[PDB]
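Observations on chain architecture
As a plain string of letters, each chain reads:
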Amino acid sequence: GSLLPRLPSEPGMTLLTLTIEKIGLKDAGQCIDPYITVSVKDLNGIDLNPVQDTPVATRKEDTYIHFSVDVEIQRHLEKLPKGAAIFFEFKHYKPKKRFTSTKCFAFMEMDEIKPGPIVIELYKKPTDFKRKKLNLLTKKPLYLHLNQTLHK
């Protein structure tokens, strides 16, 4: 993993913690060494922040992988540009290919940052960091479940 510590607080500014609770996937339990890459991209799909990888999740069920990990967003919210989005890319080891593959992704726009639980739908790889063209992974109620906490 490469999860970074919370930034120092700045007066009058706000820091976001996203707790990645779990991810629903039809084939969750089949996914080997699953993890999530969290990035913050501008309108044009360019990294505004350092990319962060969760550690590998070990708590697997048939249709959920439990993470229960906090990710610290590496910029005070008021300093993010209006078209930014936070991406969550679910990655796993493909044993027939012997490499790590991005299976699917979720994202959230700036106007979706609000306290409390949120569920976000998954879109099929390859990740579109401009989120212009999206292919839904499943219509089943299998989502990425997050908790948002806004600090000061």
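Residues numbered from 1 in each chain as written, not as in the entry; some residues may be left out. Heavy atoms only, no water. Residues with missing side-chain atoms left out of burial classes, pairs and counts.

Another point: the packing of aromatic side chains. As enumerated under the stated definition, the model contains six aromatic pairs in all. A centroid spacing of 6.5 Å and a plane angle of 25° characterise the contact between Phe105 and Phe107, whose relative ring orientation is stacked. Judged by relative accessible area, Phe105 falls into the buried class, the value being 1%. When the centroid spacing of 6.2 Å and the interplanar angle of 35° are considered together, the rings of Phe107 and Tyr123 count as tilted. One end of the pair, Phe107, is in strand β7 (residues 99-109); the other, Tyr123, is in strand β9 (residues 123-124), and 16 residues separate them in sequence. Accessibility classification places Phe107 together with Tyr123 in one group, the buried group. The aromatic ring of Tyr64 is capped on one face by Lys22, whose charged end is 4.4 Å from the ring centroid. (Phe/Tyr/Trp six-rings, centres within 6.5 Å; stacked < 30°, edge-to-face > 60°. Buried < 20%, exposed > 50% of the residue type's maximum accessible area, 1.4 Å probe, protein only. Helix = DSSP H or I, 4+ residues; strand = E, 2+ residues; numbered from the N terminus. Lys NZ or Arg CZ within 6 Å of the ring centre and 35° of its normal.)

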